Amino acid sequence: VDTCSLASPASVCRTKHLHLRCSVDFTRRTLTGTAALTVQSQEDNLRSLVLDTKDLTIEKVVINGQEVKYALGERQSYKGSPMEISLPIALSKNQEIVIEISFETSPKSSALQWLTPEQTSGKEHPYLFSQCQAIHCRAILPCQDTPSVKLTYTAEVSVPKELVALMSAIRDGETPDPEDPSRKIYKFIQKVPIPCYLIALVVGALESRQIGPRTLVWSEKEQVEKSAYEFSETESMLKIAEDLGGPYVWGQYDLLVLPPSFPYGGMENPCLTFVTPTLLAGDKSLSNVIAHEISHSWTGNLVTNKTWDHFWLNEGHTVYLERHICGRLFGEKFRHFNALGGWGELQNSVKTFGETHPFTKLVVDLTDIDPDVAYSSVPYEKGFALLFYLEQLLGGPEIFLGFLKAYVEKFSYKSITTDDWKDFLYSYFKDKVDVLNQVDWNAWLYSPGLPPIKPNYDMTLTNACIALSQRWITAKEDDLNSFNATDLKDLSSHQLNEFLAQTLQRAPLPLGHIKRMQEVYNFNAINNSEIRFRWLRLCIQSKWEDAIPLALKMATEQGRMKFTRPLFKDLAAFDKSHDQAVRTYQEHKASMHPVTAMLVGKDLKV
Ligand SMILES: O=C(c1ccc(OC[C@H]2CCCN2)cc1)c1ccc(-c2ccsc2)cc1
Ligand SMILES: [Yb+3]
Ligand SMILES: [Zn+2]
């Protein structure tokens, strides 16, 4: 069972369907309406059940056309408050009923960011977006907020008529709102069973442009053209993903480019991937994020982690597929380059947390841990490393991709644990069980720190990055003159980024070295968010005061946590910028995404 949920477990009852009828009130920052849950008993004589909620106001609960008794328990910190509903008639096993709950969200809902007009591109209209993963769906509506339950859904959403609503679902029409002519009702259908963390909503002044046979890009009008170019490889990537994973079952694959405070690189919402506008580099160089979100259409959205302890199943396999997509497009040496970079990121995470820290285990125990606090690259990169190691052990990528496809087929529409995965691995590779038994499973799955074995990586594309980084680290003052813009002439953006990542692993460097780097390479002029991020961290860690305003700007003008959190941390650690970093956070806190505001405050000890 799921230690992050207060709701009745799947062994007691299962939600089969949600019909959501709601209205988005920008004046009050509330979503109001009804959640009708079709629930199937899994027990004889079922007389009550419990749902998760968080900062919800419940008006009433109706079953069979009458109000029923319910009770909200005391809040359990980040888990919210359990809601026990008294059923009017005891249910037999497999019996289904509909429970219609009237509710309103709180402006402080941790699932939602409410943006004022000034926080958008267009400056006229407000904007709302959700981000339920991992356990914030309970802050939008009452539900069994666990990925161990999958349900279909329909929705009707009333919004101001000048705005557009989109959900993780197929669009199913729009009409004027009969209860309020100033509004429109948008309708949605999701016919494929999903865990509730994949329920998503955006409302704003959105426009669309077609970019492939099954893909529209959506954004505010100011970003449509750039977005359409940036993500033009989307259909090519979908075709490759279908080859690797099997049929794409979700109908459409649309993309939504959010405002800059979107807290993550991407979210794999079914039918409508959400992405950060920090991907808009102008050259398609950050497209691996789209490859990642596409890949979730199989690993994560079809085969799902049963509880958050098993999150690496979602991410390790998705990164594995992501990197195969990149390798098919740009070659096997590039796959290895990205694989090796990911090991680098894993090294960073382990050093950050500490080599014995419980959040560096592959399988974690989130009992009494806020999921958002555990979140890091570990499940992505330790998960990927395990799969890449297994690929090498078991006879290579063609063989291992055969496993991947069979795994997706086996567990489609289900929620599974690490033991389910391992059992299937052993079944699929039964003729190589001797090889599988050579793996130190206890260390790989359950021990903290770096894995016991590092995979073999082709170094072809990495060599020049390491060599340049080593030149800088070993340079003395009299060597600085030798550096020149020609040093970079054969490096791709990816390689520039890796040179910075290598160098940042040894930071600080002497301030004179960093000043020379700007003199000869002009990294200040690079707008690629990944490069600028690493460059500004290197500058701040090396105590360059000139970089303070640049790093503060980047930290606040966008909100992707990958960048905002370490920039604020670095600025707080630099004595010269410490006080300004704290003031800047205090001043921005009220208008930050709620999860981002929480995590930055924790990082800064404020
Ligand atoms: O709860 C989450 C969790 C929290 C947020 C989340 O999603 C947030 C964003 C990420 C991208 C889109 N949604 C997903 C899982 C979680 C679960 C496991 C781990 C972990 C650590 C070492 S091995 C496994 C870390 C975190
Ligand atoms: Yb010298
Ligand atoms: Zn992912």
# chains A, B, ... in the order shown; residues from 1 in each chain; ligands from 1
call {"tool": "residues_around", "arguments": {"residues": "residue 299 in chain A", "least_positions_apart": "3", "cutoff": "8 Å", "atoms": "only C-alpha atoms", "output": "short mmCIF file (atom, residue, chain, number, x, y, z; two decimals) with C-alpha atoms, in the first residue's frame"}}
result
data_model
loop_
_atom_site.label_atom_id
_atom_site.label_comp_id
_atom_site.auth_asym_id
_atom_site.auth_seq_id
_atom_site.Cartn_x
_atom_site.Cartn_y
_atom_site.Cartn_z
CA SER A 295 8.74 8.33 -24.04
CA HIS A 296 6.49 8.65 -20.90
CA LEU A 302 0.96 3.04 -19.71
CA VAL A 303 3.14 1.14 -17.25
CA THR A 304 2.97 3.11 -13.99
CA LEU A 313 10.60 2.59 -12.85
CA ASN A 314 8.93 5.60 -14.48
CA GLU A 315 12.12 7.60 -14.90
CA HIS A 317 13.04 3.47 -18.39
CA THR A 318 11.95 6.85 -19.77
CA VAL A 408 5.58 -2.28 -21.90
#
call {"tool": "residues_around", "arguments": {"residues": "range 422-438 of chain A", "least_positions_apart": "3", "cutoff": "10 Å", "atoms": "only C-alpha atoms", "output": "MDAnalysis selection string"}}
result
chainID A and resid 390 393:395 399:400 402:404 406:407 410:411 417:419 441
call {"tool": "residues_near_ligand", "arguments": {"ligand": "ligand 3", "cutoff": "12 Å", "atoms": "only C-alpha atoms and all ligand atoms", "output": "PyMOL selection string"}}
result
chain A and resi 133-134+264-269+273-275+288-301+304-305+311-322+375-381+383-384
call {"tool": "residues_near_ligand", "arguments": {"ligand": "ligand 2", "cutoff": "9 Å", "atoms": "only C-alpha atoms and all ligand atoms", "output": "CSV table (one decimal) with N, CA and C atoms, in the first residue's frame"}}
result
chain,number,residue,atom,x,y,z
A,475,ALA,N,45.7,25.3,-15.7
A,475,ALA,CA,46.3,26.6,-16.1
A,475,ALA,C,46.8,27.4,-14.9
A,476,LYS,N,48.0,28.0,-15.0
A,476,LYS,CA,48.4,29.1,-14.1
A,476,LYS,C,48.2,30.4,-14.8
A,477,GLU,N,48.5,31.5,-14.1
A,477,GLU,CA,48.2,32.9,-14.7
A,477,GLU,C,48.9,33.0,-16.0
A,478,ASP,N,50.1,32.6,-16.1
A,478,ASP,CA,50.9,32.8,-17.4
A,478,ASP,C,50.4,31.9,-18.6
A,479,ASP,N,49.4,31.0,-18.3
A,479,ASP,CA,48.8,30.2,-19.3
A,479,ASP,C,47.5,30.8,-19.9
call {"tool": "select_by_dssp", "arguments": {"residues": "range 35-132 of chain A", "states": "helix (DSSP H, G or I)", "output": "list in words"}}
result
residues 77, 78, 79, 117, 118 and 119 of chain A
call {"tool": "residues_around", "arguments": {"residues": "residue 37 in chain A", "least_positions_apart": "2", "cutoff": "7 Å", "atoms": "only C-alpha atoms", "output": "VMD selection string"}}
result
chain A and resid 15 17 to 19 35 39 98 to 100
call {"tool": "closest_residue", "arguments": {"among": "A:363, A:217, A:85, A:461", "to": "ligand 1", "atoms": "only C-alpha atoms and all ligand atoms"}}
result
A:363
call {"tool": "select_by_dssp", "arguments": {"residues": "range 79-161 of chain A", "states": "strand (DSSP E)", "output": "ChimeraX atom specification"}}
result
/A:81-91,96-104,112-115,127-130,151-160
call {"tool": "write_last_selection", "arguments": {"atoms": "N, CA and C atoms", "output": "mmCIF file, in the first residue's frame"}}
result
data_model
loop_
_atom_site.group_PDB
_atom_site.id
_atom_site.type_symbol
_atom_site.label_atom_id
_atom_site.label_comp_id
_atom_site.auth_asym_id
_atom_site.auth_seq_id
_atom_site.Cartn_x
_atom_site.Cartn_y
_atom_site.Cartn_z
ATOM 1 N N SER A 81 -5.659 16.200 4.487
ATOM 2 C CA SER A 81 -6.624 15.704 5.467
ATOM 3 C C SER A 81 -7.442 14.586 4.848
ATOM 4 N N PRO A 82 -7.606 13.475 5.577
ATOM 5 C CA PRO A 82 -8.424 12.383 5.046
ATOM 6 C C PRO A 82 -9.913 12.704 5.157
ATOM 7 N N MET A 83 -10.679 12.281 4.149
ATOM 8 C CA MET A 83 -12.107 12.524 4.125
ATOM 9 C C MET A 83 -12.856 11.186 4.133
ATOM 10 N N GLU A 84 -13.517 10.865 5.246
ATOM 11 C CA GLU A 84 -14.247 9.596 5.337
ATOM 12 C C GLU A 84 -15.708 9.806 4.959
ATOM 13 N N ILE A 85 -16.193 9.007 4.010
ATOM 14 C CA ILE A 85 -17.562 9.120 3.525
ATOM 15 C C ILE A 85 -18.348 7.898 3.976
ATOM 16 N N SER A 86 -19.506 8.141 4.600
ATOM 17 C CA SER A 86 -20.367 7.050 5.086
ATOM 18 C C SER A 86 -21.338 6.634 3.997
ATOM 19 N N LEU A 87 -21.211 5.407 3.512
ATOM 20 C CA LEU A 87 -22.056 4.978 2.395
ATOM 21 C C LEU A 87 -23.476 4.694 2.916
ATOM 22 N N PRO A 88 -24.502 5.103 2.167
ATOM 23 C CA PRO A 88 -25.882 4.917 2.643
ATOM 24 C C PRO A 88 -26.344 3.454 2.600
ATOM 25 N N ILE A 89 -25.765 2.665 1.705
ATOM 26 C CA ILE A 89 -26.070 1.224 1.604
ATOM 27 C C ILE A 89 -24.788 0.422 1.462
ATOM 28 N N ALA A 90 -24.630 -0.625 2.274
ATOM 29 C CA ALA A 90 -23.425 -1.452 2.214
ATOM 30 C C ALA A 90 -23.246 -2.069 0.824
ATOM 31 N N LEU A 91 -22.008 -2.066 0.310
ATOM 32 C CA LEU A 91 -21.748 -2.586 -1.036
ATOM 33 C C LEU A 91 -21.190 -4.012 -1.027
ATOM 34 N N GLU A 96 -20.567 -1.113 -8.110
ATOM 35 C CA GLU A 96 -20.121 0.245 -8.404
ATOM 36 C C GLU A 96 -21.195 1.259 -8.052
ATOM 37 N N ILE A 97 -20.763 2.389 -7.499
ATOM 38 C CA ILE A 97 -21.678 3.497 -7.238
ATOM 39 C C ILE A 97 -21.024 4.802 -7.670
ATOM 40 N N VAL A 98 -21.821 5.852 -7.731
ATOM 41 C CA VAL A 98 -21.308 7.190 -8.043
ATOM 42 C C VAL A 98 -21.448 8.098 -6.833
ATOM 43 N N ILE A 99 -20.350 8.755 -6.465
ATOM 44 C CA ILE A 99 -20.310 9.639 -5.307
ATOM 45 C C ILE A 99 -19.994 11.036 -5.823
ATOM 46 N N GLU A 100 -20.915 11.966 -5.644
ATOM 47 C CA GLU A 100 -20.747 13.289 -6.246
ATOM 48 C C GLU A 100 -20.396 14.266 -5.122
ATOM 49 N N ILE A 101 -19.180 14.810 -5.157
ATOM 50 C CA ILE A 101 -18.700 15.674 -4.080
ATOM 51 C C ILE A 101 -18.630 17.123 -4.544
ATOM 52 N N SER A 102 -19.322 18.025 -3.846
ATOM 53 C CA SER A 102 -19.274 19.459 -4.156
ATOM 54 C C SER A 102 -18.156 20.088 -3.341
ATOM 55 N N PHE A 103 -17.247 20.789 -4.012
ATOM 56 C CA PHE A 103 -16.033 21.267 -3.345
ATOM 57 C C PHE A 103 -15.539 22.574 -3.974
ATOM 58 N N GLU A 104 -14.591 23.207 -3.296
ATOM 59 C CA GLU A 104 -13.947 24.415 -3.794
ATOM 60 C C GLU A 104 -12.484 24.307 -3.369
ATOM 61 N N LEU A 112 -1.645 24.255 -7.886
ATOM 62 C CA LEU A 112 -1.999 25.305 -8.849
ATOM 63 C C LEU A 112 -1.091 26.507 -8.744
ATOM 64 N N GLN A 113 -0.798 27.137 -9.888
ATOM 65 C CA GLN A 113 -0.286 28.504 -9.880
ATOM 66 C C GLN A 113 -1.254 29.407 -10.635
ATOM 67 N N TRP A 114 -1.716 30.423 -9.912
ATOM 68 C CA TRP A 114 -2.552 31.491 -10.446
ATOM 69 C C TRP A 114 -1.680 32.677 -10.796
ATOM 70 N N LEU A 115 -1.634 32.994 -12.090
ATOM 71 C CA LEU A 115 -0.818 34.097 -12.608
ATOM 72 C C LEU A 115 -1.664 35.322 -12.934
ATOM 73 N N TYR A 127 -3.837 33.658 -15.967
ATOM 74 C CA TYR A 127 -3.491 32.320 -16.451
ATOM 75 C C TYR A 127 -3.423 31.386 -15.267
ATOM 76 N N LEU A 128 -3.880 30.166 -15.471
ATOM 77 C CA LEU A 128 -3.843 29.134 -14.431
ATOM 78 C C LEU A 128 -3.204 27.891 -15.014
ATOM 79 N N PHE A 129 -2.331 27.246 -14.246
ATOM 80 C CA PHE A 129 -1.915 25.886 -14.630
ATOM 81 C C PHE A 129 -1.743 24.972 -13.426
ATOM 82 N N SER A 130 -1.994 23.683 -13.642
ATOM 83 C CA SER A 130 -1.824 22.668 -12.586
ATOM 84 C C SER A 130 -0.534 21.838 -12.724
ATOM 85 N N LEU A 151 -7.976 5.507 -13.543
ATOM 86 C CA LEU A 151 -9.373 5.825 -13.881
ATOM 87 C C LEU A 151 -9.437 6.563 -15.198
ATOM 88 N N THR A 152 -10.569 6.441 -15.893
ATOM 89 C CA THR A 152 -10.849 7.337 -17.018
ATOM 90 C C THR A 152 -11.473 8.635 -16.503
ATOM 91 N N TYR A 153 -11.558 9.665 -17.354
ATOM 92 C CA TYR A 153 -12.255 10.853 -16.894
ATOM 93 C C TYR A 153 -12.906 11.661 -17.994
ATOM 94 N N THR A 154 -13.944 12.400 -17.609
ATOM 95 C CA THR A 154 -14.549 13.423 -18.468
ATOM 96 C C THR A 154 -14.614 14.690 -17.663
ATOM 97 N N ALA A 155 -14.640 15.835 -18.341
ATOM 98 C CA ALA A 155 -14.673 17.096 -17.636
ATOM 99 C C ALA A 155 -15.367 18.163 -18.449
ATOM 100 N N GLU A 156 -16.020 19.057 -17.728
ATOM 101 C CA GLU A 156 -16.606 20.269 -18.285
ATOM 102 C C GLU A 156 -16.092 21.423 -17.448
ATOM 103 N N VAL A 157 -15.416 22.374 -18.094
ATOM 104 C CA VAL A 157 -14.752 23.472 -17.379
ATOM 105 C C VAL A 157 -15.236 24.837 -17.871
ATOM 106 N N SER A 158 -15.828 25.615 -16.968
ATOM 107 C CA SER A 158 -16.315 26.947 -17.312
ATOM 108 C C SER A 158 -15.232 27.972 -17.012
ATOM 109 N N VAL A 159 -14.938 28.819 -18.001
ATOM 110 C CA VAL A 159 -13.873 29.818 -17.908
ATOM 111 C C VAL A 159 -14.353 31.107 -18.550
ATOM 112 N N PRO A 160 -13.718 32.230 -18.195
ATOM 113 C CA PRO A 160 -14.022 33.468 -18.912
ATOM 114 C C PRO A 160 -13.924 33.279 -20.430
#
call {"tool": "residues_around", "arguments": {"residues": "range 176-182 of chain A", "least_positions_apart": "2", "cutoff": "6 Å", "atoms": "only C-alpha atoms", "output": "PDB file with C-alpha atoms, in the first residue's frame"}}
result
ATOM      1  CA  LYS A 161     -15.032  33.493 -22.569  1.00  0.00           C
ATOM      2  CA  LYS A 184     -17.481  29.337 -22.096  1.00  0.00           C
ATOM      3  CA  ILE A 185     -17.618  25.671 -21.163  1.00  0.00           C
TER       4      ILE A 185
END
call {"tool": "residues_around", "arguments": {"residues": "residue 468 in chain A", "least_positions_apart": "6", "cutoff": "12 Å", "atoms": "only C-alpha atoms", "output": "PyMOL selection string"}}
result
chain A and resi 462+474-475+482-484+486-488+490-491+495-496+498-503+517
call {"tool": "write_last_selection", "arguments": {"atoms": "N, CA, C and O atoms", "output": "PDB file, in the first residue's frame"}}
result
ATOM      1  N   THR A 462      33.121  13.173 -25.796  1.00  0.00           N
ATOM      2  CA  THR A 462      33.426  13.741 -24.494  1.00  0.00           C
ATOM      3  C   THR A 462      34.887  14.180 -24.395  1.00  0.00           C
ATOM      4  O   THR A 462      35.212  15.131 -23.646  1.00  0.00           O
ATOM      5  N   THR A 474      44.182  23.271 -14.824  1.00  0.00           N
ATOM      6  CA  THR A 474      45.633  23.163 -14.565  1.00  0.00           C
ATOM      7  C   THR A 474      46.393  24.446 -14.971  1.00  0.00           C
ATOM      8  O   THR A 474      47.613  24.559 -14.708  1.00  0.00           O
ATOM      9  N   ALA A 475      45.714  25.349 -15.664  1.00  0.00           N
ATOM     10  CA  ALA A 475      46.340  26.609 -16.116  1.00  0.00           C
ATOM     11  C   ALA A 475      46.778  27.435 -14.913  1.00  0.00           C
ATOM     12  O   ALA A 475      46.063  27.539 -13.892  1.00  0.00           O
ATOM     13  N   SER A 482      46.985  31.924 -23.527  1.00  0.00           N
ATOM     14  CA  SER A 482      46.958  30.895 -24.570  1.00  0.00           C
ATOM     15  C   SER A 482      45.532  30.571 -25.000  1.00  0.00           C
ATOM     16  O   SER A 482      45.317  30.088 -26.105  1.00  0.00           O
ATOM     17  N   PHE A 483      44.566  30.858 -24.139  1.00  0.00           N
ATOM     18  CA  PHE A 483      43.178  30.575 -24.501  1.00  0.00           C
ATOM     19  C   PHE A 483      42.642  31.589 -25.509  1.00  0.00           C
ATOM     20  O   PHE A 483      43.007  32.755 -25.505  1.00  0.00           O
ATOM     21  N   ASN A 484      41.734  31.129 -26.371  1.00  0.00           N
ATOM     22  CA  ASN A 484      41.247  31.943 -27.474  1.00  0.00           C
ATOM     23  C   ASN A 484      39.914  31.373 -27.934  1.00  0.00           C
ATOM     24  O   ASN A 484      39.662  30.174 -27.736  1.00  0.00           O
ATOM     25  N   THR A 486      39.022  30.352 -30.643  1.00  0.00           N
ATOM     26  CA  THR A 486      39.187  29.184 -31.522  1.00  0.00           C
ATOM     27  C   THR A 486      39.136  27.848 -30.768  1.00  0.00           C
ATOM     28  O   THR A 486      38.919  26.782 -31.367  1.00  0.00           O
ATOM     29  N   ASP A 487      39.327  27.896 -29.442  1.00  0.00           N
ATOM     30  CA  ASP A 487      39.243  26.700 -28.624  1.00  0.00           C
ATOM     31  C   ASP A 487      37.876  26.026 -28.785  1.00  0.00           C
ATOM     32  O   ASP A 487      37.750  24.833 -28.579  1.00  0.00           O
ATOM     33  N   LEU A 488      36.872  26.826 -29.126  1.00  0.00           N
ATOM     34  CA  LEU A 488      35.490  26.333 -29.137  1.00  0.00           C
ATOM     35  C   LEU A 488      34.997  26.002 -30.536  1.00  0.00           C
ATOM     36  O   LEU A 488      33.859  25.570 -30.709  1.00  0.00           O
ATOM     37  N   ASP A 490      35.202  23.797 -32.802  1.00  0.00           N
ATOM     38  CA  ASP A 490      34.669  22.483 -33.190  1.00  0.00           C
ATOM     39  C   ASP A 490      33.750  21.856 -32.129  1.00  0.00           C
ATOM     40  O   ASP A 490      33.464  20.649 -32.164  1.00  0.00           O
ATOM     41  N   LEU A 491      33.262  22.668 -31.204  1.00  0.00           N
ATOM     42  CA  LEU A 491      32.407  22.119 -30.138  1.00  0.00           C
ATOM     43  C   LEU A 491      30.954  22.463 -30.418  1.00  0.00           C
ATOM     44  O   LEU A 491      30.632  23.617 -30.718  1.00  0.00           O
ATOM     45  N   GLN A 495      28.525  20.024 -26.383  1.00  0.00           N
ATOM     46  CA  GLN A 495      29.882  19.908 -25.886  1.00  0.00           C
ATOM     47  C   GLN A 495      30.292  21.115 -25.064  1.00  0.00           C
ATOM     48  O   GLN A 495      31.033  20.961 -24.074  1.00  0.00           O
ATOM     49  N   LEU A 496      29.832  22.303 -25.442  1.00  0.00           N
ATOM     50  CA  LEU A 496      30.090  23.501 -24.613  1.00  0.00           C
ATOM     51  C   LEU A 496      29.492  23.285 -23.222  1.00  0.00           C
ATOM     52  O   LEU A 496      30.141  23.514 -22.218  1.00  0.00           O
ATOM     53  N   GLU A 498      28.890  20.440 -21.717  1.00  0.00           N
ATOM     54  CA  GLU A 498      29.641  19.410 -21.006  1.00  0.00           C
ATOM     55  C   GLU A 498      30.998  19.926 -20.505  1.00  0.00           C
ATOM     56  O   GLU A 498      31.425  19.575 -19.396  1.00  0.00           O
ATOM     57  N   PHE A 499      31.634  20.799 -21.291  1.00  0.00           N
ATOM     58  CA  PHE A 499      32.868  21.463 -20.822  1.00  0.00           C
ATOM     59  C   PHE A 499      32.593  22.249 -19.542  1.00  0.00           C
ATOM     60  O   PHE A 499      33.348  22.180 -18.560  1.00  0.00           O
ATOM     61  N   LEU A 500      31.471  22.947 -19.509  1.00  0.00           N
ATOM     62  CA  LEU A 500      31.110  23.694 -18.302  1.00  0.00           C
ATOM     63  C   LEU A 500      30.772  22.766 -17.168  1.00  0.00           C
ATOM     64  O   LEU A 500      31.154  23.035 -16.018  1.00  0.00           O
ATOM     65  N   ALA A 501      30.054  21.675 -17.460  1.00  0.00           N
ATOM     66  CA  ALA A 501      29.715  20.725 -16.383  1.00  0.00           C
ATOM     67  C   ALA A 501      30.970  20.094 -15.757  1.00  0.00           C
ATOM     68  O   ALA A 501      31.080  19.975 -14.534  1.00  0.00           O
ATOM     69  N   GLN A 502      31.922  19.734 -16.603  1.00  0.00           N
ATOM     70  CA  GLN A 502      33.189  19.184 -16.132  1.00  0.00           C
ATOM     71  C   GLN A 502      33.904  20.207 -15.251  1.00  0.00           C
ATOM     72  O   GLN A 502      34.470  19.867 -14.204  1.00  0.00           O
ATOM     73  N   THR A 503      33.913  21.454 -15.695  1.00  0.00           N
ATOM     74  CA  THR A 503      34.685  22.468 -14.987  1.00  0.00           C
ATOM     75  C   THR A 503      33.981  22.794 -13.662  1.00  0.00           C
ATOM     76  O   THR A 503      34.634  22.973 -12.621  1.00  0.00           O
ATOM     77  N   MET A 517      37.879  33.521 -19.105  1.00  0.00           N
ATOM     78  CA  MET A 517      36.880  32.740 -19.859  1.00  0.00           C
ATOM     79  C   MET A 517      35.853  33.681 -20.496  1.00  0.00           C
ATOM     80  O   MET A 517      35.511  33.526 -21.667  1.00  0.00           O
TER      81      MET A 517
END
call {"tool": "atom_distance", "arguments": {"atom1": "CA of residue 560 in chain A", "atom2": "atom 25 (C, counted along the ligand's line) of ligand 1"}}
result
16.9 Å
call {"tool": "closest_residue", "arguments": {"among": "A:594, A:65, A:342, A:80", "to": "residue 4 in chain A", "atoms": "only C-alpha atoms"}}
result
A:80
call {"tool": "residues_around", "arguments": {"residues": "residue 41 in chain A", "least_positions_apart": "2", "cutoff": "6 Å", "atoms": "only C-alpha atoms", "output": "CSV table (one decimal) with N, CA, C and O atoms, in the first residue's frame"}}
result
chain,number,residue,atom,x,y,z
A,13,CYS,N,-11.3,-0.4,-2.4
A,13,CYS,CA,-12.1,0.1,-3.4
A,13,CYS,C,-11.3,0.8,-4.5
A,13,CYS,O,-10.1,1.2,-4.2
A,43,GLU,N,-14.5,-5.1,-1.7
A,43,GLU,CA,-14.7,-5.8,-0.4
A,43,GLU,C,-16.2,-6.2,-0.3
A,43,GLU,O,-17.0,-5.4,-0.8
A,93,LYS,N,-18.8,-7.0,-3.1
A,93,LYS,CA,-17.6,-6.9,-3.9
A,93,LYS,C,-18.0,-6.7,-5.4
A,93,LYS,O,-18.9,-7.4,-5.9
A,94,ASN,N,-17.3,-5.8,-6.0
A,94,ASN,CA,-17.5,-5.4,-7.4
A,94,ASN,C,-18.6,-4.5,-7.7
A,94,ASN,O,-18.8,-4.0,-8.9
A,95,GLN,N,-19.4,-4.2,-6.7
A,95,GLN,CA,-20.5,-3.3,-6.9
A,95,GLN,C,-20.0,-1.8,-7.2
A,95,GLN,O,-19.1,-1.4,-6.5
call {"tool": "residues_around", "arguments": {"residues": "residue 548 in chain A", "least_positions_apart": "3", "cutoff": "9 Å", "atoms": "only C-alpha atoms", "output": "PyMOL selection string"}}
result
chain A and resi 536+539-540+544-545+551-553+571+576-577
call {"tool": "write_last_selection", "arguments": {"atoms": "N, CA, C and O atoms", "output": "PDB file, in the first residue's frame"}}
result
ATOM      1  N   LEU A 536      26.776  30.538 -15.071  1.00  0.00           N
ATOM      2  CA  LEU A 536      26.532  31.453 -13.947  1.00  0.00           C
ATOM      3  C   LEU A 536      26.865  30.773 -12.609  1.00  0.00           C
ATOM      4  O   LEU A 536      27.435  31.398 -11.730  1.00  0.00           O
ATOM      5  N   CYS A 539      30.572  31.013 -12.290  1.00  0.00           N
ATOM      6  CA  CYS A 539      30.950  32.414 -11.931  1.00  0.00           C
ATOM      7  C   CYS A 539      30.700  32.733 -10.458  1.00  0.00           C
ATOM      8  O   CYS A 539      31.548  33.338  -9.778  1.00  0.00           O
ATOM      9  N   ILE A 540      29.518  32.372  -9.962  1.00  0.00           N
ATOM     10  CA  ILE A 540      29.161  32.657  -8.577  1.00  0.00           C
ATOM     11  C   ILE A 540      30.019  31.828  -7.607  1.00  0.00           C
ATOM     12  O   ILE A 540      30.541  32.378  -6.622  1.00  0.00           O
ATOM     13  N   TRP A 544      32.759  35.725  -8.488  1.00  0.00           N
ATOM     14  CA  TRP A 544      32.739  36.889  -9.388  1.00  0.00           C
ATOM     15  C   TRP A 544      31.520  37.769  -9.137  1.00  0.00           C
ATOM     16  O   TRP A 544      30.391  37.397  -9.518  1.00  0.00           O
ATOM     17  N   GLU A 545      31.727  38.947  -8.536  1.00  0.00           N
ATOM     18  CA  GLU A 545      30.608  39.824  -8.157  1.00  0.00           C
ATOM     19  C   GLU A 545      29.801  40.295  -9.377  1.00  0.00           C
ATOM     20  O   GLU A 545      28.580  40.484  -9.286  1.00  0.00           O
ATOM     21  N   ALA A 551      22.870  36.242 -12.239  1.00  0.00           N
ATOM     22  CA  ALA A 551      22.350  35.031 -11.609  1.00  0.00           C
ATOM     23  C   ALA A 551      21.020  35.294 -10.912  1.00  0.00           C
ATOM     24  O   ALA A 551      20.105  34.463 -10.990  1.00  0.00           O
ATOM     25  N   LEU A 552      20.877  36.460 -10.291  1.00  0.00           N
ATOM     26  CA  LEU A 552      19.591  36.831  -9.679  1.00  0.00           C
ATOM     27  C   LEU A 552      18.499  36.936 -10.744  1.00  0.00           C
ATOM     28  O   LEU A 552      17.352  36.504 -10.522  1.00  0.00           O
ATOM     29  N   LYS A 553      18.862  37.509 -11.890  1.00  0.00           N
ATOM     30  CA  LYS A 553      17.908  37.695 -12.972  1.00  0.00           C
ATOM     31  C   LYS A 553      17.430  36.336 -13.476  1.00  0.00           C
ATOM     32  O   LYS A 553      16.221  36.107 -13.637  1.00  0.00           O
ATOM     33  N   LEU A 571      23.924  31.664  -4.730  1.00  0.00           N
ATOM     34  CA  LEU A 571      23.927  33.084  -4.355  1.00  0.00           C
ATOM     35  C   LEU A 571      23.875  33.236  -2.838  1.00  0.00           C
ATOM     36  O   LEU A 571      24.505  34.147  -2.275  1.00  0.00           O
ATOM     37  N   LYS A 576      28.994  37.782  -0.611  1.00  0.00           N
ATOM     38  CA  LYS A 576      28.720  39.077  -1.233  1.00  0.00           C
ATOM     39  C   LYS A 576      27.283  39.213  -1.738  1.00  0.00           C
ATOM     40  O   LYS A 576      26.748  40.324  -1.814  1.00  0.00           O
ATOM     41  N   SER A 577      26.660  38.080  -2.072  1.00  0.00           N
ATOM     42  CA  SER A 577      25.297  38.094  -2.608  1.00  0.00           C
ATOM     43  C   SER A 577      24.273  37.524  -1.626  1.00  0.00           C
ATOM     44  O   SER A 577      23.080  37.591  -1.890  1.00  0.00           O
TER      45      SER A 577
END
call {"tool": "closest_residue", "arguments": {"among": "A:340, A:169, A:592, A:199", "to": "ligand 1", "atoms": "only C-alpha atoms and all ligand atoms"}}
result
A:199
call {"tool": "atom_distance", "arguments": {"atom1": "CA of residue 549 in chain A", "atom2": "CA of residue 469 in chain A"}}
result
25.6 Å
call {"tool": "closest_residue", "arguments": {"among": "A:323, A:336, A:150, A:284", "to": "residue 192 in chain A", "atoms": "only C-alpha atoms"}}
result
A:150
